[PDB]
Amino acid sequence: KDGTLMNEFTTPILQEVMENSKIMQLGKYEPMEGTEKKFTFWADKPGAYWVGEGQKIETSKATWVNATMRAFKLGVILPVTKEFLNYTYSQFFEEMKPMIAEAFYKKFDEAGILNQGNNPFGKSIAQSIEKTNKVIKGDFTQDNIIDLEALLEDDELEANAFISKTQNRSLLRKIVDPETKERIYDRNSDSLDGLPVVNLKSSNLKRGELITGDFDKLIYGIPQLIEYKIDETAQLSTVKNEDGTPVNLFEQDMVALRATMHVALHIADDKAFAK
Amino acid sequence: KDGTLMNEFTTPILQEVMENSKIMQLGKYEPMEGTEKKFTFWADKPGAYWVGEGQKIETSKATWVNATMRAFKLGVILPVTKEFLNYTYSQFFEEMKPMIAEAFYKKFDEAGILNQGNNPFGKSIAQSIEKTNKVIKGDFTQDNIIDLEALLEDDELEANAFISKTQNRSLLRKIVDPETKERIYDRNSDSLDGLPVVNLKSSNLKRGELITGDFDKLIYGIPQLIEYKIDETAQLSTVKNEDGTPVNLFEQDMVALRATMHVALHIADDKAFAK
Amino acid sequence: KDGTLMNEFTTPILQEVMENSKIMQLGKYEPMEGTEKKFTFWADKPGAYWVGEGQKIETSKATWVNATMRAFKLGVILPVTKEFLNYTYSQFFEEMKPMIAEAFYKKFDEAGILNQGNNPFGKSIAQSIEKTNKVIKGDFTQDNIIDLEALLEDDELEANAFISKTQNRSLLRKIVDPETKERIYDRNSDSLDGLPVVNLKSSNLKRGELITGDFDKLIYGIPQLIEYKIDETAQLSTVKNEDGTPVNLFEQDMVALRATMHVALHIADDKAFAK
C-alpha cells in the first residue's frame, strides 16, 4: 500500500519568490556577531553674547536574533523509504535541501517587512510602525501617494525603494491620474513619485505599498547535514507505532541557518481601511 | 561476572540447509519490481455450419511481498561488550552476518512450501493447497504414489522436482514394492515414479513428500550494516536498567533484505492421517 | 542570553597532581587480563630422629576491577553550542579530554590509598588496614615514627616509599627532634627514618603519613571518542524541555578507560586521634 515511484519537478514560482525576497531587503556589510551600533545624533545650540552652550551625542543599539531552518519533515517521513528504494525520490529530496533554504530566507525577510509575521521580533518595518506613526489608513490615490512620500522624506532621509505585493500591484496599476500616466503604462515598474518599486512576496499584506529606508542584513549561510536524532511529530503508515520517538527513525536532513537583521528608525507603510 | 573469552566454530548443518533451500525453490528470471503477470488462458469453440464462435483471453496476477531480515539480537547484546574487548567474539559476530542471512533465506522458502509458516501469505504450495484440492490423506504407498502423480500431471503440466524432508525420507525409504526396488536401493535419491526428489528443510511437515510445479523467485540481495538505534527487548546483566531503550545501546548490526515469490497455480502435496 | 566568547587557560595544579599520583602507585609489569597470582608461602618443619615432616605451599589470589572514565558532562552541555559557534570553546573541550583523563587516573590511585574512597573495593591500603591491624592512633612524633616503621618492616619486607599529603606535610615539617633535624631542614623531601617520602593528593586523609609495600598497576589506556547517545542529567537553558533524553542531545565525548590494581598483603598507616 502507498508504494509507487514517480518523477518530481521543481516549481518556477519558488525560484522567482527567492530572488524577489533577496532584492527587497537591500542589506549592506554583513557581520558575524551583532556588535555594530549607531552613535550619531548631532547636537547644536546657538546664543548671542557670553553664553556657554553644551553639545553631546551618545547612542548604542544592536539587534541580534538568529532564525533556524526546518529540520525533519512530516511529508518527507513517508518519502524516506521511497528515497532508499527509488532514485527519483532521492533526487527530489536533494533538490528540497536548496528549495526549503530559499523559503526560509524568504520567511525571514517577511517577518521584518510585515507586523503579523514574527520570528526575530523588533526589526525593520514591524518595529518602525508600532513605535512611530507612519502608516496611513484609506484607499490608494495619486494625491495620497505624494502626501505619504513627504512624511517619509522628513524623517532623517528620503526613501530609495518600496516593497509591493502582487495583489496590491493590481489595485495600484488600475489607479491613474487625469493627465499623468503614473502607474507603469509601458513596460517598466510603476512609480508613485519617481523612484521604482520592487516586487516582494507577502502573506499578511493585501493592499498598500510599504517603503523601507536603511537596513543592514547579515547571515552565516544555509548548510545541509544528515541527522539521526531529531524531534518530530508522530506518523504511522503500516505496522508501526509512534508516541515519543526521535532517534529511532529519520525523516529529513537537519538544516542549520543563522540570520540577523538591523532595526530601522523610520519606515513608510500603507494599508486599506474599511467601515 | 560472566566475563570469559572463548573461540567459536560454525556448524556444518547450517551450510547444508542453506544449499538445500536454494535448490528447492528452483526460481527463474529475477525482477526488481513485481510487474510480471500471466495472461494466457486459451479459448476455443467449434461449430458445424453458419455459427459465430467468440474466443478471448485476458488475465492479470502479480505477487509482491518483501521479507525483512533480523536486526538486533538478544543473545548478541551480552556478546557486544565481549566483541569490543576480545577478538574471538568479534570474529564470531562477523560470521553470524552470513549465517543468519542464509537462515533468513531458508525461512522465506519454508513459508511458501509449508502452509503453517507465514511470512508473505498467498504464495507457492501454501496458496495452492487451500484454493484447490490436491493434498491426499493417509499412509505412503507405491500404488498411492502413482495415483497422486497422475492428479498433479493433469493440471496444466507435469511435475519436475519434489521437495522432501529428512523425517519423511526415512519412512519413504522403508517402503518398497514386491518386484521393483523403487526407493533408492543404490546411492542416488529415491524416486516415486521416475523423477528424482530434492532435500528440503521443514519444521511443519513430518510425513509425505510435496511436489512443486513452476514458481519464479526474485530477491534484491542480503546486506550487512551497523546501526545505532534499533528496537529490541529489554536485557540487564550488571548495574543496568532497561524499560524503553533502543538508541542508547547497540546489540547487533541491522540486516536489510527483500525477497518475493511468484504464486503457483497447482502443487502436489502429501500428508499422513491418524484416527 | 548567556552567549559570550572567552579564552580559557589550563590550571598548573592539575598537571602537578597527575604526576604525583603516577609516582605514588609505583606499579610494575602491566597485564591485559587479571590472571597473575602469588603462590609462595614457604613451609618448614624440624625434628630430631626418625620423624616425617610435611611441607606444602599453595595459594591463588587475583584482583580485577576496571574503573570507567566520565562521559557526558552537565557543564559541557551549555558549552556544546559555544564549541560549534566559537573556536575558543572547542579548543577548551579538546584540552579537557586530556585533563579529565588525568583526573580519572588520580581518583583510581586515591581509592586504593584511602579507605573512604571506593571505586574497586578491596585493593592496596584500603584492604590492608581493614584486614590487618597496622594503623596507629595519636599525634605524630619522632619516637612514634621509629616505632611505626618497625611494625611495617616485620611483615614480610621493609617499606621503600611513603605517600604523604600537603596538609599532613605541614605538621610533619613542624615536628623536629632535640638533636637531629629529621624533617627536611635543607631542600630535599623529609624522611622519618631514612627513606624519602613522595607527595600524593588526598581528600579523605588529613594527618599522618601512610607507607605502601609492593603493588602492581595495570591499565589498558585512556581514549577519547565522540558519542551521540549517552545517559545524562536533564538541563535547560532557553526554549527546551528535558525529562528523559540521552540520544537527542550530545554534551561531551565518551571516554573509555580500564585500570586494575593488585592487592597488597601489608601496608603502614598513620592517623590523628582526638578526644
# chains A, B, ... in the order shown; residues from 1 in each chain; ligands from 1

$ select_by_dssp --residues "stretch 10-85 of chain B" --states "alpha helix (DSSP H)" --output "list in words"
residues 12, 13, 14, 15, 16, 17, 18, 19, 20, 21, 22, 23, 24, 25, 74, 75, 76, 77, 80, 81, 82, 83, 84 and 85 of chain B

$ write_last_selection --atoms "C-alpha atoms" --output "mmCIF file, in the first residue's frame"
data_model
loop_
_atom_site.group_PDB
_atom_site.id
_atom_site.type_symbol
_atom_site.label_atom_id
_atom_site.label_comp_id
_atom_site.auth_asym_id
_atom_site.auth_seq_id
_atom_site.Cartn_x
_atom_site.Cartn_y
_atom_site.Cartn_z
ATOM 1 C CA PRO B 12 28.144 -27.763 9.202
ATOM 2 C CA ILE B 13 24.357 -28.361 9.383
ATOM 3 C CA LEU B 14 23.535 -24.684 8.671
ATOM 4 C CA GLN B 15 25.616 -24.685 5.452
ATOM 5 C CA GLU B 16 23.885 -27.851 4.169
ATOM 6 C CA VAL B 17 20.417 -26.435 4.973
ATOM 7 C CA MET B 18 21.173 -23.205 3.052
ATOM 8 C CA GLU B 19 22.157 -25.106 -0.125
ATOM 9 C CA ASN B 20 19.079 -27.367 0.164
ATOM 10 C CA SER B 21 16.711 -24.373 0.496
ATOM 11 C CA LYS B 22 18.105 -22.677 -2.644
ATOM 12 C CA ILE B 23 17.714 -25.849 -4.756
ATOM 13 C CA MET B 24 14.136 -26.500 -3.537
ATOM 14 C CA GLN B 25 12.789 -23.163 -4.860
ATOM 15 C CA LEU B 74 19.053 -10.501 22.477
ATOM 16 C CA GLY B 75 21.888 -13.069 22.672
ATOM 17 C CA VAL B 76 24.299 -10.725 20.857
ATOM 18 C CA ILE B 77 23.604 -7.939 23.409
ATOM 19 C CA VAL B 80 28.532 -6.871 22.318
ATOM 20 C CA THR B 81 30.896 -5.941 25.186
ATOM 21 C CA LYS B 82 32.873 -9.162 24.561
ATOM 22 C CA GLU B 83 33.326 -8.232 20.870
ATOM 23 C CA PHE B 84 34.942 -4.882 21.779
ATOM 24 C CA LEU B 85 37.342 -6.420 24.338
#

$ select_by_dssp --residues "stretch 31-230 of chain A" --states "strand (DSSP E)" --output "list in words"
residues 136, 137, 161, 162, 163, 164, 197, 198, 199, 210, 211, 212, 217, 218, 219, 224 and 225 of chain A

$ interface_residues --of "chain A" --to "chain C" --cutoff "10 Å" --atoms "only C-alpha atoms" --output "list in words"
residues 228, 229, 230, 231, 245, 246, 247 and 248 of chain A

$ residues_around --residues "stretch 60-66 of chain B" --least-positions-apart "2" --cutoff "8 Å" --atoms "only C-alpha atoms" --output "list in words"
residues 33, 34, 35, 36, 37, 38, 39, 58, 68, 120, 123, 257, 258, 259, 260, 261, 262 and 263 of chain B

$ write_last_selection --atoms "C-alpha atoms" --output "PDB file, in the first residue's frame"
ATOM      1  CA  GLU B  33       9.619  -4.856  -9.078  1.00  0.00           C
ATOM      2  CA  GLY B  34       6.505  -7.068  -9.060  1.00  0.00           C
ATOM      3  CA  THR B  35       5.135  -6.231 -12.517  1.00  0.00           C
ATOM      4  CA  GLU B  36       5.152  -9.638 -14.278  1.00  0.00           C
ATOM      5  CA  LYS B  37       1.745 -11.291 -14.782  1.00  0.00           C
ATOM      6  CA  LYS B  38       0.393 -14.313 -16.685  1.00  0.00           C
ATOM      7  CA  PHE B  39      -2.184 -13.528 -19.396  1.00  0.00           C
ATOM      8  CA  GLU B  58      -7.294 -11.846 -20.529  1.00  0.00           C
ATOM      9  CA  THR B  68      12.997  -8.339   6.108  1.00  0.00           C
ATOM     10  CA  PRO B 120       4.321 -13.448   2.638  1.00  0.00           C
ATOM     11  CA  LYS B 123       2.461 -17.933  -2.335  1.00  0.00           C
ATOM     12  CA  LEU B 257      16.728  -7.897   2.810  1.00  0.00           C
ATOM     13  CA  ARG B 258      13.888  -8.010   0.262  1.00  0.00           C
ATOM     14  CA  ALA B 259      12.624 -11.208  -1.404  1.00  0.00           C
ATOM     15  CA  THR B 260       9.469 -12.002  -3.403  1.00  0.00           C
ATOM     16  CA  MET B 261       7.999 -15.308  -4.631  1.00  0.00           C
ATOM     17  CA  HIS B 262       5.563 -15.924  -7.508  1.00  0.00           C
ATOM     18  CA  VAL B 263       2.345 -17.848  -6.780  1.00  0.00           C
TER      19      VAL B 263
END

$ residues_around --residues "stretch 137-149 of chain B" --least-positions-apart "4" --cutoff "10 Å" --atoms "only C-alpha atoms" --output "ChimeraX atom specification"
/B:153-154,158-159,168,171-172,175-178,180,182-183,191-193,207-209,211,268-274

$ residues_around --residues "stretch 111-118 of chain B" --least-positions-apart "4" --cutoff "9 Å" --atoms "only C-alpha atoms" --output "list in words"
residues 25, 106, 107, 122, 123, 124, 125, 126, 127, 129, 130, 163, 202, 203, 204, 205, 210, 212, 261 and 263 of chain B

$ write_last_selection --atoms "C-alpha atoms" --output "PDB file, in the first residue's frame"
ATOM      1  CA  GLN B  25      12.789 -23.163  -4.860  1.00  0.00           C
ATOM      2  CA  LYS B 106      15.736 -20.726   4.284  1.00  0.00           C
ATOM      3  CA  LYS B 107      12.735 -19.383   6.255  1.00  0.00           C
ATOM      4  CA  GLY B 122      -0.530 -16.427  -0.505  1.00  0.00           C
ATOM      5  CA  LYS B 123       2.461 -17.933  -2.335  1.00  0.00           C
ATOM      6  CA  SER B 124       3.632 -21.301  -3.766  1.00  0.00           C
ATOM      7  CA  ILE B 125       2.321 -24.524  -2.116  1.00  0.00           C
ATOM      8  CA  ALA B 126       0.590 -22.717   0.791  1.00  0.00           C
ATOM      9  CA  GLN B 127      -1.816 -20.892  -1.567  1.00  0.00           C
ATOM     10  CA  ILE B 129      -3.391 -26.378  -1.307  1.00  0.00           C
ATOM     11  CA  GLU B 130      -6.030 -24.091   0.268  1.00  0.00           C
ATOM     12  CA  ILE B 163      10.627 -31.488  -2.050  1.00  0.00           C
ATOM     13  CA  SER B 202      10.880 -28.327   7.004  1.00  0.00           C
ATOM     14  CA  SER B 203       9.555 -27.762  10.542  1.00  0.00           C
ATOM     15  CA  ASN B 204       5.783 -28.061   9.952  1.00  0.00           C
ATOM     16  CA  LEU B 205       5.932 -31.107   7.636  1.00  0.00           C
ATOM     17  CA  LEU B 210       5.199 -32.486  -1.715  1.00  0.00           C
ATOM     18  CA  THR B 212       6.071 -28.049  -6.792  1.00  0.00           C
ATOM     19  CA  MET B 261       7.999 -15.308  -4.631  1.00  0.00           C
ATOM     20  CA  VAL B 263       2.345 -17.848  -6.780  1.00  0.00           C
TER      21      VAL B 263
END

$ atom_distance --atom1 "atom CA of residue A:31" --atom2 "atom CA of residue A:217"
8.5 Å

$ residues_around --residues "residue A:132" --least-positions-apart "6" --cutoff "9 Å" --atoms "only C-alpha atoms" --output "list in words"
residues 265, 266 and 267 of chain A

$ write_last_selection --atoms "N, CA and C atoms" --output "short mmCIF file (atom, residue, chain, number, x, y, z; two decimals), in the first residue's frame"
data_model
loop_
_atom_site.label_atom_id
_atom_site.label_comp_id
_atom_site.auth_asym_id
_atom_site.auth_seq_id
_atom_site.Cartn_x
_atom_site.Cartn_y
_atom_site.Cartn_z
N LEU A 265 15.05 53.07 11.84
CA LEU A 265 14.48 54.17 12.62
C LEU A 265 13.07 54.56 12.16
N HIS A 266 12.89 54.70 10.84
CA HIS A 266 11.61 55.07 10.25
C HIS A 266 11.37 54.37 8.91
N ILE A 267 10.14 53.88 8.73
CA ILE A 267 9.73 53.19 7.51
C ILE A 267 8.29 53.53 7.12
#

$ residues_around --residues "residue C:190" --least-positions-apart "5" --cutoff "10 Å" --atoms "only C-alpha atoms" --output "MDAnalysis selection string"
chainID C and resid 169 172:173 181:185 195:198

$ write_last_selection --atoms "N, CA and C atoms" --output "mmCIF file, in the first residue's frame"
data_model
loop_
_atom_site.group_PDB
_atom_site.id
_atom_site.type_symbol
_atom_site.label_atom_id
_atom_site.label_comp_id
_atom_site.auth_asym_id
_atom_site.auth_seq_id
_atom_site.Cartn_x
_atom_site.Cartn_y
_atom_site.Cartn_z
ATOM 1 N N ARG C 169 51.998 17.197 55.515
ATOM 2 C CA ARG C 169 53.404 17.594 55.370
ATOM 3 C C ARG C 169 53.770 18.829 56.198
ATOM 4 N N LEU C 172 54.184 17.648 59.728
ATOM 5 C CA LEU C 172 55.387 16.809 59.761
ATOM 6 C C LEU C 172 56.680 17.630 59.765
ATOM 7 N N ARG C 173 56.683 18.733 59.014
ATOM 8 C CA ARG C 173 57.828 19.646 58.931
ATOM 9 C C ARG C 173 58.029 20.463 60.209
ATOM 10 N N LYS C 181 67.892 16.907 62.917
ATOM 11 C CA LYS C 181 66.998 17.761 62.128
ATOM 12 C C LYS C 181 65.726 17.028 61.690
ATOM 13 N N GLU C 182 65.896 15.776 61.250
ATOM 14 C CA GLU C 182 64.817 14.858 60.826
ATOM 15 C C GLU C 182 63.958 15.339 59.642
ATOM 16 N N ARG C 183 63.127 16.357 59.874
ATOM 17 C CA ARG C 183 62.198 16.871 58.864
ATOM 18 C C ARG C 183 62.860 17.879 57.917
ATOM 19 N N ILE C 184 63.308 17.365 56.767
ATOM 20 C CA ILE C 184 63.930 18.135 55.670
ATOM 21 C C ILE C 184 65.106 19.033 56.091
ATOM 22 N N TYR C 185 64.789 20.253 56.543
ATOM 23 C CA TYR C 185 65.755 21.265 57.024
ATOM 24 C C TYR C 185 66.855 21.691 56.025
ATOM 25 N N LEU C 195 64.462 6.571 54.394
ATOM 26 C CA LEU C 195 63.916 6.663 53.037
ATOM 27 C C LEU C 195 63.006 7.877 52.866
ATOM 28 N N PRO C 196 63.113 8.546 51.705
ATOM 29 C CA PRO C 196 62.394 9.733 51.242
ATOM 30 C C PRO C 196 60.909 9.465 51.001
ATOM 31 N N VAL C 197 60.085 10.483 51.247
ATOM 32 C CA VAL C 197 58.633 10.395 51.072
ATOM 33 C C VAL C 197 58.167 11.123 49.812
ATOM 34 N N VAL C 198 57.215 10.509 49.110
ATOM 35 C CA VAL C 198 56.652 11.060 47.876
ATOM 36 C C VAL C 198 55.298 11.726 48.116
#

$ atom_distance --atom1 "atom CA of residue B:238" --atom2 "atom CA of residue B:96"
25.3 Å

$ atom_distance --atom1 "atom CA of residue A:69" --atom2 "atom CA of residue A:226"
13.6 Å

$ closest_residue --among "C:4, C:252, C:90, C:40" --to "residue C:156" --atoms "only C-alpha atoms"
C:40

$ decode --residues "stretch 6-25 of chain B" --atoms "N, CA and C atoms" --output "mmCIF file, in the first residue's frame"
data_model
loop_
_atom_site.group_PDB
_atom_site.id
_atom_site.type_symbol
_atom_site.label_atom_id
_atom_site.label_comp_id
_atom_site.auth_asym_id
_atom_site.auth_seq_id
_atom_site.Cartn_x
_atom_site.Cartn_y
_atom_site.Cartn_z
ATOM 1 N N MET B 6 36.278 -17.140 24.667
ATOM 2 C CA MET B 6 36.292 -18.474 24.058
ATOM 3 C C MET B 6 36.085 -18.411 22.547
ATOM 4 N N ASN B 7 36.776 -19.297 21.830
ATOM 5 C CA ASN B 7 36.676 -19.395 20.373
ATOM 6 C C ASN B 7 35.444 -20.194 19.949
ATOM 7 N N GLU B 8 34.727 -19.666 18.958
ATOM 8 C CA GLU B 8 33.505 -20.287 18.440
ATOM 9 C C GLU B 8 33.667 -20.748 16.993
ATOM 10 N N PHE B 9 33.126 -21.931 16.701
ATOM 11 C CA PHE B 9 33.178 -22.526 15.363
ATOM 12 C C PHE B 9 31.785 -22.679 14.758
ATOM 13 N N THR B 10 31.689 -22.420 13.454
ATOM 14 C CA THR B 10 30.428 -22.505 12.712
ATOM 15 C C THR B 10 30.019 -23.953 12.442
ATOM 16 N N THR B 11 28.723 -24.224 12.596
ATOM 17 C CA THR B 11 28.154 -25.557 12.383
ATOM 18 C C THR B 11 27.984 -25.875 10.898
ATOM 19 N N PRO B 12 28.225 -27.145 10.527
ATOM 20 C CA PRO B 12 28.144 -27.763 9.202
ATOM 21 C C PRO B 12 26.706 -27.989 8.726
ATOM 22 N N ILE B 13 25.776 -28.125 9.673
ATOM 23 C CA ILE B 13 24.357 -28.361 9.383
ATOM 24 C C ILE B 13 23.656 -27.146 8.767
ATOM 25 N N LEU B 14 24.083 -25.948 9.174
ATOM 26 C CA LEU B 14 23.535 -24.684 8.671
ATOM 27 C C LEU B 14 23.906 -24.416 7.209
ATOM 28 N N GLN B 15 25.118 -24.822 6.826
ATOM 29 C CA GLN B 15 25.616 -24.685 5.452
ATOM 30 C C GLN B 15 24.907 -25.629 4.479
ATOM 31 N N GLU B 16 24.606 -26.842 4.950
ATOM 32 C CA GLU B 16 23.885 -27.851 4.169
ATOM 33 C C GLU B 16 22.409 -27.498 3.978
ATOM 34 N N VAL B 17 21.816 -26.877 5.000
ATOM 35 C CA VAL B 17 20.417 -26.435 4.973
ATOM 36 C C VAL B 17 20.193 -25.243 4.038
ATOM 37 N N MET B 18 21.206 -24.380 3.928
ATOM 38 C CA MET B 18 21.173 -23.205 3.052
ATOM 39 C C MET B 18 21.218 -23.580 1.568
ATOM 40 N N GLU B 19 22.034 -24.584 1.240
ATOM 41 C CA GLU B 19 22.157 -25.106 -0.125
ATOM 42 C C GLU B 19 20.917 -25.889 -0.561
ATOM 43 N N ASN B 20 20.298 -26.586 0.395
ATOM 44 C CA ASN B 20 19.079 -27.367 0.164
ATOM 45 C C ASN B 20 17.851 -26.485 -0.073
ATOM 46 N N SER B 21 17.805 -25.343 0.615
ATOM 47 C CA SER B 21 16.711 -24.373 0.496
ATOM 48 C C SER B 21 16.719 -23.629 -0.841
ATOM 49 N N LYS B 22 17.919 -23.357 -1.358
ATOM 50 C CA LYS B 22 18.105 -22.677 -2.644
ATOM 51 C C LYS B 22 17.738 -23.562 -3.837
ATOM 52 N N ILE B 23 18.013 -24.862 -3.713
ATOM 53 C CA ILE B 23 17.714 -25.849 -4.756
ATOM 54 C C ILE B 23 16.230 -26.224 -4.816
ATOM 55 N N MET B 24 15.555 -26.144 -3.667
ATOM 56 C CA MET B 24 14.136 -26.500 -3.537
ATOM 57 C C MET B 24 13.187 -25.508 -4.217
ATOM 58 N N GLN B 25 13.593 -24.238 -4.268
ATOM 59 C CA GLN B 25 12.789 -23.163 -4.860
ATOM 60 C C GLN B 25 12.726 -23.236 -6.389
#
